[PDB]
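What follows is a short report on a single structure.
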Amino acid sequence: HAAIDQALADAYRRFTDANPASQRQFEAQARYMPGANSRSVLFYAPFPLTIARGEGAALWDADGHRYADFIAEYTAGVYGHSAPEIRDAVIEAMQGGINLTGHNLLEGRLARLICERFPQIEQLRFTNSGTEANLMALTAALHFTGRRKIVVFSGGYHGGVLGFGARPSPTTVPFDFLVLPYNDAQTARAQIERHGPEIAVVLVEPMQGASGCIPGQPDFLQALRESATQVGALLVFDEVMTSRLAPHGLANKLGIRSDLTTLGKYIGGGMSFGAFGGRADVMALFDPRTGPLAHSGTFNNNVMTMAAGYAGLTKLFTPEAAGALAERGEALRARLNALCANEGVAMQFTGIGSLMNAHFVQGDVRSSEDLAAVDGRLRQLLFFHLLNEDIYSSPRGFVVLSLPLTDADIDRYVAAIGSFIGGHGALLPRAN
Amino acid sequence: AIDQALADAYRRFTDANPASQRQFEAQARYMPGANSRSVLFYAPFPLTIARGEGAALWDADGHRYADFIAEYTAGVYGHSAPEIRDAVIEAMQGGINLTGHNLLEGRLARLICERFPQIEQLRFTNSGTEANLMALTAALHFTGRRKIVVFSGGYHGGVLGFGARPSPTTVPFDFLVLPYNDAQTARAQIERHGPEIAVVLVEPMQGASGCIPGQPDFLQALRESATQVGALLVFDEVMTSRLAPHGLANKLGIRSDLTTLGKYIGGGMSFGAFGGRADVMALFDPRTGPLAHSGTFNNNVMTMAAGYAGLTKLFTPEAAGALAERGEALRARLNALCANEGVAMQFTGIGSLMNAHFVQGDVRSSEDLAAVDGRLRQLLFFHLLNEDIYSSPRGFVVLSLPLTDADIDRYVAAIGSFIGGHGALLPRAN
Ligand SMILES: Cc1ncc(COP(=O)(O)O)c(CNOCC(=O)O)c1O
Ligand SMILES: Cc1ncc(COP(=O)(O)O)c(CNOCC(=O)O)c1O
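Residue numbers (the deposited numbering), protein chains in the order written: chain B, 3 to 434; chain A, 5 to 434.
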């Protein structure tokens with residue numbers, strides 16, 4: 003314990019001494035934004051690195067350190083940092099004029115493409131973020147059903163004002179939430195049945211992202227579909243992260259159909275983006291000719307997003323590319339798990355396809371409860387260790403593949419995990 | 005008579021725009037009513053906009069219009085400003101989706117804090133809606149209270165709209181909805197529910213309800229009562245921040261605890277911000293504060309670059325003031341014209357923002373407009389299209405930097421022709 007404290011203090015010091023420009027920048031920025039910060043996930047102690055430049059799957063900090071990027075804008079940056087297909091589409095759109103203040107020539111074609119790639123989406127609308135998409139989805143479900151109660155799950159993350167521990171987070175909007183255990187099929191069935199008439203919607207990630215890439219089990223997710231249908235509630239799949247996991251998203255891979263689906267991240271080509279869609283009869287609430295619900299938002303249909311999204315999905319992150327990237331991720335996750343098992347350490351990587359997360363526990367991880375006892379200092383040691391090995395990762399150990407990452411890049415990550423185990427044998431919890 | 009005039013307008017508009025009609029029918033398949041943003045829809049179908057340059061727009065059928073709506077105040081720079089485009093290209097060449105603190109966000113944060121000194125610290129969001137949601141969340145946690153005072157006709161974003169009651173799309177916070185520009189009801193209700201009230205949220209001029217200025221005595225009553233009671237005052241200046249060199253609140257000399265921003269501040273890119281008192285913003289300091297606020301595109305280099313470029317090179321404080329003066333002169337001409345012709349018609353608002361209304365007398369709240377014949381607005385809208393003017397269905401008129409004095413003359417002229425050709429349909433003054 004005292005040895006871990008000491009290794010961490012050493013990590014902080016080396017990180018500090020090697021990054022004076024990032025420190026200077028942090029001090030200066032702290033005057034105008036709380037903790038110099040506009041986005042909580044980007045902050046880490048002692049201070050976060052300022053990123054100066056990006057190209058392909060490479061990033062450079064303010065002090066000129068070059069890293070292989072293994073976080074890729076928290077799944078939004080699947081195209082890498084400098085894709086010409088994206089840039090040229092944005093440029094052409096700007097030359098056509100921006101802020102066009104009307105229905106445009108670009109939105110319809112992106113909407114079509116999305117509905118075709120995700121056939122469970124009969125109609126959709128665009129929002130400016132995943133947080134907005136989920137808000138609008140929940141708003142629609144409450145009005146469509148005439149009910150107020152929303153079922154969500156422990157560890158669930160659905161945006162800036164829609165996060166949950168065992169209870170709603172301090173920033174979570176005061177909808178009537180019923181928070182149930184993730185991957186507990188029996189409790190879900192019972193609680194949904196018991197409160198049937200009150201439940202407007204069951205909102206769930208098919209794999210939880212923020213909580214640590216925790217796959218939703220077949221039985222649990224089928225139970226949610228059956229229970230919701232039973233009591234007359236809408237099932238909403240949050241596929242903001244999860245849609246990239248297979249050629250047509252994770253829900254379709256699993257064979258489960260939700261009433262509504264929310265999207266975000268990469269679908270806007272790396273531009274600000276969200277969307278909510280599903281059954282045409284639910285979406286009809288927003289049909290301005292006949293529906294009772296209004297949904298405005300200044301930048302909903304902006305030409306930059308509309309252009310960059312269509313370019314990205316058609317030229318780069320195609321359904322086939324999504325399958326192929328998922329294959330690489332599975333291969334990677336298997337190598338990492340075999341390594342951890344072989345070295346006898348209480349360490350694993352959980353996830354699906356091109357998304358995984360480091361965890362310092364032995365055994366099956368089925369919910370965030372299984373990670374409650376974990377020593378958070380261990381994640382930090384790994385993060386700083388990866389920086390030393392020219393790898394830019396997430397503080398939470400969230401590993402995210404992007405298209406430009408080479409097989410050699412992947413090898414470097416595996417080697418870095420290996421050197422981490424071998425350097426910290428005295429410090430890491432044992433498997434048994 | 006009005007029914008027939010409206011049917012004729014629909015016919016004329018339909019026949020002149022078949023490509024827009026065809027685009028609409030095809031788009032209706034994948035988006036409800038072909039639509040992703042409600043304000044953009046109007047009957048019988050909305051124009052598809054194909055191109056923009058300066059303060060000009062082209063529809064799918066090739067018509068060129070002078071632009072008098074300008075992305076609902078967001079498009080203050082026009083549709084093709086080189087300073088914005090060059091700044092965005094520059095940022096893209098340095099790489100996008102940078103996944104961390106970057107070199108551009110601090111410049112823009114400092115700029116906002118300096119130009120709007122009521123903002124000591126801020127955080128960026130992806131829209132005005134998020135900014136308002138985050139500010140409300142901050143206020144509730146800071147005060148430890150639940151009740152939120154808002155005003156009828158108030159619009160604060162997609163899930164924060166109010167008539168006399170919250171709109172069906174509004175998040176179920178504990179809202180107390182009060183009449184706009186009613187100082188006596190505001191004072192009595194705020195004191196009655198004092199210890200429960202975390203926050204008073206108000207636009208210093210209501211936008212969506214029809215450019216209705218908040219009266220000084222009313223807005224001061226809000227500041228006074230909020231302070232008296234221990235509630236935070238939040239000014240929603242998403243629209244209103246453009247109205248003076250340092251925003252409307254500063255023009256009026258009133259200081260809110262928090263301010264929300266949006267629209268043009270991100271240079272034409274997706275943008276929102278909330279900020280104010282450093283001690284309230286401390287709740288979000290990741291080092292010591294209990295509140296978390298992520299959001300993947302919050303600090304994106306595109307927005308950071310365009311925002312800084314627009315605010316330093318184009319829509320400077322001086323430019324904001326000059327545009328407001330041109331707006332004041334336009335509104336005065338329009339009101340003189342309407343009074344001249346004896347019609348029950350007027351333009352309300354401040355500076356570069358105004359709104360057509362078919363009533364006589366003082367417009368103080370949405371109640372004053374409840375009984376207006378909506379067909380007159382449509383008639384005006386279609387008439388302006390005929391005169392190659394692109395405005396909003398609701399009669400919202402928005403100035404932008406590239407609009408020439410000759411463009412503005414055309415707008416006045418077109419209202420003149422509107423009055424003179426529809427004199428038999430318009431309500432009379434007195
Ligand atoms: C005072 C005020 N606050 C907040 C807002 C919300 O800002 P945003 O649309 O960026 O969420 C708006 C306007 N939002 O406009 C809708 C549209 O033009 O489609 C607003 O007027
Ligand atoms: C399942 C899910 N839904 C919704 C969201 C929220 O989407 P958005 O951040 O676009 O509001 C997220 C992730 N948002 O990440 C925060 C950040 O990277 O700063 C998400 O994982």
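The beta carbon of each residue, even a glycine, is placed where N, CA and C say it ideally should be.
Hey, is residue i close to ligand 1, as in C-beta under 7 Å from one of its heavy atoms?
i, result
"A/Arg127", "no"
"B/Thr300", "yes"
"A/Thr133", "yes"
"A/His83", "no"
"A/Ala230", "no"
"A/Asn339", "no"
Near residue i, what residues of its chain come up, given a Cβ to Cβ distance below 8 Å and the 5 sequence neighbours on each side ignored?
i, result
"A/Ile88", "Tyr81, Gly271, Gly272, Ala310, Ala313, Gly314 and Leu318"
"B/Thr244", "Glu207, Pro208, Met209, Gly211, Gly251, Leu252 and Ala253"
"A/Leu373", "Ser213, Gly214, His361, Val363 and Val367"
"A/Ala32", "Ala38"
"B/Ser156", "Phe166, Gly167, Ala168, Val181, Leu182, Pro183, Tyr184, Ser369, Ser370 and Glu371"
"A/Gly420", "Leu341"
How about residue i: is its C-beta nearer than 8 Å to some C-beta of chain B?
i, result
"A/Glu57", "yes"
"A/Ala225", "no"
"A/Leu61", "yes"
"A/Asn304", "yes"
"A/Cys117", "yes"
"A/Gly378", "no"
"A/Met96", "yes"
"residue 2 of chain A", "What is shown of chain A runs 5 to 434, which leaves residue 2 of chain A out entirely."
"A/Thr173", "yes"
"A/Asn106", "yes"
"A/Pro22", "no"
"A/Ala326", "no"
At a cut-off of 7 Å, is residue i close to ligand 2 when judged by its beta-carbon and the heavy atoms of the ligand?
i, result
"B/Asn21", "no"
"B/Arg41", "yes"
"B/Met243", "yes"
"A/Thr316", "no"
"B/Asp240", "yes"
"B/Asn303", "no"
"A/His105", "no"
"B/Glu207", "yes"
"A/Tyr312", "no"
"A/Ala9", "no"
Can you list, in chain order, the residues of its chain whose CB lies under 7 Å from that of residue i, leaving out five sequence neighbours each side?
i, result
"B/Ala54", "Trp62, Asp63 and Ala64"
"B/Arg111", "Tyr312"
"A/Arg149", "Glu200, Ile201 and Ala202"
"B/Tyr14", "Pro48"
"A/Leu226", "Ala190, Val204, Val206 and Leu237"
Looking at the C-beta of residue i, does it have a partner C-beta in chain A at a distance below 8 Å?
i, result
"B/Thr103", "yes"
"B/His160", "no"
"B/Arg335", "no"
"B/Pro220", "no"
"B/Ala113", "yes"
"B/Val153", "no"
"B/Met209", "no"
"B/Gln125", "yes"
"B/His67", "no"
"B/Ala286", "yes"
Might you give, ordered along the chain, the residues of its own chain that have their beta carbon closer than 6 Å to the beta carbon of residue i, omitting 5 neighbours on each side?
i, result
"A/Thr52", "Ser24, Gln27 and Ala64"
"A/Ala286", "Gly293"
- [ ] Pull out every residue of the segment 306 to 324 of chain A whose Cβ sits closer than 8 Å to any Cβ of chain B, in chain order.
- [x] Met306 and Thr307
Open item on the list: Can you pull out the residues from the segment 352 to 370 of chain B whose beta carbon lies closer than 8 Å to at least one beta carbon of chain A?
Closed with: none
Task: Against chain A: residues of the segment 131 to 146 of chain B by CB proximity under 8 Å - done: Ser131, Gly132, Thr133, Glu134, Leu137, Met138, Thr141 and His145
TODO: Just list the beta strand (DSSP E) runs in the segment 50 to 130 of chain B, keeping only unbroken ones of 3 residues or longer that don't cross its boundaries, in chain order.
DONE: 52 to 57, 60 to 63, 68 to 71 and 125 to 129
- [ ] Could you please tell me which residues of the segment 27 to 53 of chain A, in chain order, have their CB closer than 8 Å to any CB of chain B?
- [x] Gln27, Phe28, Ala30, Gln31, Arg33, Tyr34, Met35, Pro36, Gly37, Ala38, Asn39, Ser40, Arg41, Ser42, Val43, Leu44, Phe45, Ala47, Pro50, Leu51, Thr52 and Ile53
Task: Short-range partners of chain B found in the segment 235 to 249 of chain A, where Cβ spacing is below 8 Å - done: none
TODO: Could you list the residues in the segment 187 to 206 of chain A with a C-beta less than 9 Å from some C-beta on chain B, going in chain order?
DONE: none
- [ ] Compile a chain-ordered list of the residues in the segment 388 to 411 of chain A whose CB is closer than 7 Å to at least one CB of chain B.
- [x] none
Task: Every unbroken alpha helix (DSSP H) within the segment 10 to 57 of chain B, with a cutoff of 4 residues, ordered by chain - done: 22 to 31
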